[PDB]
Amino acid sequence: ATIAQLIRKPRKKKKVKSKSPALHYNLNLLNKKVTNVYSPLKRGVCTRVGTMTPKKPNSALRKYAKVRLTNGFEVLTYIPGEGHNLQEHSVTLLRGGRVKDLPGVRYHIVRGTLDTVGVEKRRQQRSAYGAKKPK
Amino acid sequence: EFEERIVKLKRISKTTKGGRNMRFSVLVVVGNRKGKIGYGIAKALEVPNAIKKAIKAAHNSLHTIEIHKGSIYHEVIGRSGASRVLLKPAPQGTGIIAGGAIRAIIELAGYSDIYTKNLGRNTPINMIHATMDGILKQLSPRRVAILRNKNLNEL
Amino acid sequence: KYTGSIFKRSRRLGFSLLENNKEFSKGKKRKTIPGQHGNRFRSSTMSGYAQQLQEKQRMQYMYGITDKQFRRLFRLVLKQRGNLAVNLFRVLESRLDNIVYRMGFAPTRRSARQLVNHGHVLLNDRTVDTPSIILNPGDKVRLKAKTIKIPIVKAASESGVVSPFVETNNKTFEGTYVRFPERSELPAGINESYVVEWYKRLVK
Amino acid sequence: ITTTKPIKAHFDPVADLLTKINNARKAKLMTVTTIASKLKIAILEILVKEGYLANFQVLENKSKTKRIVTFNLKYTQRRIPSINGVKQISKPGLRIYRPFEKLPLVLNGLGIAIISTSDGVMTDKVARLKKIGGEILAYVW
RNA sequence: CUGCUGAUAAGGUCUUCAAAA
RNA sequence: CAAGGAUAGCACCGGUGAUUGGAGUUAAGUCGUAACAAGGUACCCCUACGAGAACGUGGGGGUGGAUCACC
RNA sequence: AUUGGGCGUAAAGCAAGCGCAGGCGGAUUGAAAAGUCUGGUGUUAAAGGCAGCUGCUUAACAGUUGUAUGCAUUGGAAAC
RNA sequence: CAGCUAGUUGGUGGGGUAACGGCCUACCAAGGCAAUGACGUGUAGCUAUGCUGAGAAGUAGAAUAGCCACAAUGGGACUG
RNA sequence: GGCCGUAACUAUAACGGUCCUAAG
Ligand SMILES: [Mg+2]
Ligand SMILES: [Mg+2]
Ligand SMILES: [Mg+2]
Ligand SMILES: [Mg+2]
Ligand SMILES: [Mg+2]
Ligand SMILES: [Mg+2]
Ligand SMILES: [Mg+2]
Ligand SMILES: [Mg+2]
Ligand SMILES: [Mg+2]
Ligand SMILES: [Mg+2]
Ligand SMILES: [Mg+2]
Ligand SMILES: [Mg+2]
Ligand SMILES: [Mg+2]
Ligand SMILES: [Mg+2]
Ligand SMILES: [Mg+2]
Ligand SMILES: [Mg+2]
Ligand SMILES: [Mg+2]
Ligand SMILES: [Mg+2]
Ligand SMILES: [Mg+2]
Ligand SMILES: [Mg+2]
Ligand SMILES: [Mg+2]
Ligand SMILES: [Mg+2]
Ligand SMILES: [Mg+2]
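Residues numbered from 1 in each chain as written, not as in the entry; some residues may be left out. Chains lettered and ligands numbered in written order. Part of a larger assembly, values for the part shown. Heavy atoms only, no water.

### Quick notes on the overall build of chain B
And then number 1: Helix and strand content of chain B: four helices and seven strands.
And then number 2: Mapped in sequence order, the helices and strands of chain B form the string β-β-β-α-β-β-β-α-β-α-α.
And then number 3: When its C-alpha atoms are laid out on the principal axes, chain B stretches across 70 × 35 × 30 Å.
And then number 4: Taken over 155 residues, chain B has a buried fraction of 43%.
And then number 5: Of the accessible surface of chain B, which amounts to about 8800 Å², a share of 51% is contributed by carbon and sulfur atoms.
And then number 6: Chain B carries 27 positive and 10 negative side-chain charges, and their two centres are separated by 11 Å. (Helix = DSSP H or I, 4+ residues; strand = E, 2+ residues; numbered from the N terminus. Buried < 20%, exposed > 50% of the residue type's maximum accessible area, 1.4 Å probe, protein only. Areas by Shrake-Rupley, 256 points an atom, 1.4 Å probe, with all protein chains shown as cover. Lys, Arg positive; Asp, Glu negative; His and termini not counted. Charge placed at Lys NZ, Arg CZ, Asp CG, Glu CD.)

### Focus on the nonpolar core
And then number 1: If you look at the biggest cluster of nonpolar residues, it comprises 24 residues, and the most contacted ones within it are D:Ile43, D:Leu44, D:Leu47, D:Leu53, D:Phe71, D:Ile114 and D:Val140.
And then number 2: Listed by contribution, the elements that provide at least two residues to this core are α1 (13-26), α2 (38-50), β3 (67-73), β5 (112-116) and β7 (135-140) of chain D.
And then number 3: Ranked by residues supplied to this core, first place goes to α1(D) with five residues.
And then number 4: Not counting chain neighbours up to four residues away, the residues in contact with D:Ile43 comprise D:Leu17, D:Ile114, D:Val121 and D:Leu137.
And then number 5: In this structure, B:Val85, B:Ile96, B:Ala109 and B:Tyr111 belong to the second largest nonpolar core, which totals 23 residues. (Core = buried A, V, L, I, M, F, W, Y, C linked by side-chain atoms within 4.5 Å. Contact = heavy atoms within 4.5 Å.)

### Observations concerning the pairing of strand β6 (residues 91-96) of chain A
And then number 1: Here four bridges tie strand β3 (residues 42-52) of chain A to β6(A), and the two strands are oriented antiparallel to one another. The residue bridging A:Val45 from the neighbouring strand is A:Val91, located in β6(A). (Pairing = 2+ DSSP bridges.)

### Considerations on a positive patch on the surface
And then number 1: On the surface, a cluster of positive charge is made up of A:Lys19, A:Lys55, A:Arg98 and A:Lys100.
And then number 2: Take A:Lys55: it is sitting in the loop between β3 and β4 (62-69). (Patch = residues over 30% accessible without salt bridge, like charges linked within 9 Å, V, L, I, M, F, W, Y side chains within 5 Å. Salt bridge = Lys/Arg side-chain N within 4 Å of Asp/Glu carboxyl O.)

### Brief notes about the side chain of B:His74
And then number 1: On the secondary structure map, B:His74 appears in the loop between β4 (63-64) and β5 (76-80).
And then number 2: When sequence neighbours within four positions are dropped, the list of residues in contact with B:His74 reads B:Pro89, B:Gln138, B:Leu139, D:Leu107, D:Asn108 and D:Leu110.

### Details of the packing of helix α4 (residues 67-78) of chain C against helix α9 (residues 194-202) of chain C
All names here are of chain C.
And then number 1: Interaxial distance between α4 and α9 falls to 11 Å at its minimum, and their mutual angle equals 95°. Taken together, the axis directions place α4 and α9 in an arrangement best described as roughly perpendicular. The residues of α9 that touch α4, namely those facing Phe70, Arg71, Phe74 and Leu78, are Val196, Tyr199, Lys200 and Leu202. (Axes fitted to C-alpha atoms, helices over the stretch in contact; angles between N-to-C directions. Parallel < 35°, antiparallel > 145°, perpendicular 65-115°, else oblique.)

### Section: the environment of C:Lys149
And then number 1: Secondary-structure assignment places C:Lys149 in the loop between α7 (109-118) and α8 (154-157).
And then number 2: As a C-alpha pair, C:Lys149 and C:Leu135 span 14 residues in sequence and 26 Å in three-dimensional space.

Next comes the structure, spelled out in structure tokens:
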């Protein structure tokens, strides 16, 4: 614009928002305060399992779960696999992600690390799904 | 040995009374790697005829390029529409720091070491126009001496 | 640590170890890209990235080099004075096991590397075990003595077929090297300088 | 010399002359006139020395209260000028001061840079020779 | 020479390629 | 001199709350057809009133309006 | 977007005016020297960065020498 | 977040402090800061530096080094 | 002022039909 104008009101940079906000909130549980500490992957507990319908083009039944994390946020998370052992009450370990079909879902469940069982009957790209090597 | 290389092969189409007429358009850059380079864009129902016509146009329109020590003499900005391409001289050894249409133009022209940056749009025809404008607007250090009555680029 | 299908890799890239021993073979004289999908169309018009990657792979497989080592050597050479197209070639060719090959005391480059790792090779005034030491022309790289009596020493001492840039003083196996290899001694397997530009982009 | 039209000038002395020169170059006009200031006189003297203009000529009124400078551009036989472009650096408001270490080189030495360090306006090469720098007025190439 | 005259379920092909003769 | 205790009223911030307002997202729901052609009453902007709803009408303002037309 | 962007139709000229403070501002002379340029001095800890070398089988790494930036003071320059 | 500040601003005598000082005291005055951002709210140890960038600079203040503050929370003091 | 039917889980009826009155 003008040197004087920028001297008076400098350039303000646009803010940046995260894609997985619920993974960066930590609850102290003694003082009951929530602080912004970044964490890659976080443990939660599921409340309701079921299926959703993909948005416009896709047509299927995709497995979701309403999981409440170690903090006080409840998120809808897609279970990445064919078949699951979720029983409406279990402990899962969510990581970042974004399924395009289901709106509102912005997290995935790591398979075969904790209570949730791994994905057997898989020999290709198994290291992502948590499957023991056939050997 | 006028080498040629294909820069873009688009699939353009028009609509008629029922159906679509589809034609391939090719953007070819022809250069002898010694100072002569041209560009040609052509459209045809098939790729071979499109390439033939594009090569014919490129050979019909050839421009003369002058090099200094294998590079460009002075920093320049070529403008063509919304595409602005910045060229900057480089010392011998850096090689071609160009990518895409600019890289094709520079290699086929014959330059060895050039710094380049596409500051605007990324449409190959307009980038090529900007690059050609930048190289054509260049001033040799003998034309300026003739103009200003200096002594053949002496201090 | 190296591949065990040098035939497959030579058939893919098209360039062998400058002798065509892995191309002539004893069967079928195959000079096609491996796999079932070898005799198909779409041969030329390799992208710039594709041809740069192919040339880089040929270069860093001709000597048995890990890409990380390649980045390390390039970062080493890049800062000095200026256009080092005459220096980085010496840098790439100065490998110890490579010098053993051009000395002629091993049938193959990786066999020479195995001997170097096993410790049948000496140096100017010390001993060397790692097959990556950067050498400089002038060091008396004298071969071991207890390795001259091993059941496989014949082709080793048959070094009369030697490169002119490694001088042995034949029958003495002194094996020094002066008059650094030229682009003539670095054949057309990889003779290009925009792999330098590719590593300039991908390595600061 | 006699004139007929009124003569006006901008408040900014470097960019007034630059606008006049650039417009004359683009329109193929040869002779132009403007109000005379000593900065403009010195800058035109160095332009004439460097060979970007044919002549510059100052004139004074009969009452010695007004001075105007008229200069002509140097066109070749085929009528294309020696000036290719002008760009002003030290505009009003934002004044550009550069030491010797950062004295610019315009178009790899083809053009000239006008620098008014301490001894009036001064070309880039002679400023480098004298090892001293200062205010940078305009780029002319 | 001016009456009236409203609506049409969802997802979708179709360019394979110029290396060249 | 003074940490702390008791009492008391203001100041700022946070969570939650029956009930309630709107919003976004939703492959195949109901009612109309407001807008895009002169969209069948040209459209759009401000404003006031009214109506199931898109919206209708009055006041002012624009062409970012179709036809028209001149030898 | 200071270097390095825009505001007729794409986001963006306040409905228009009178305007304090601020920003910018005609020509010439003199003084001082607050900005500007330059010389000397003090300092900007060590480690880190870059260049050279030595030692670890070479490297990573360790060590060693050189290597800026700003501030203050003092001495000059006077074009803006 | 548009007013904030009553030891707050200034003067006289005395006391106290290693020292100057509303640091404290008694007397006399109403001043001090603030749109060039006081005050309020939120957040944070600062720096040499790490990572990134062609550069201007963006970002974190790992390890280590300089300085500051703390030792369950809040006060007081002896020795020196 | 009434009565009847009506929306792709149920529920309800934005909507439609009709009788009467001076107007519901
Ligand atoms: Mg028809
Ligand atoms: Mg009808
Ligand atoms: Mg309907
Ligand atoms: Mg309508
Ligand atoms: Mg209408
Ligand atoms: Mg109704
Ligand atoms: Mg009405
Ligand atoms: Mg109206
Ligand atoms: Mg009416
Ligand atoms: Mg823009
Ligand atoms: Mg607009
Ligand atoms: Mg207006
Ligand atoms: Mg407006
Ligand atoms: Mg006015
Ligand atoms: Mg004023
Ligand atoms: Mg003036
Ligand atoms: Mg230091
Ligand atoms: Mg070190
Ligand atoms: Mg950048
Ligand atoms: Mg630290
Ligand atoms: Mg720490
Ligand atoms: Mg504790
Ligand atoms: Mg004591």
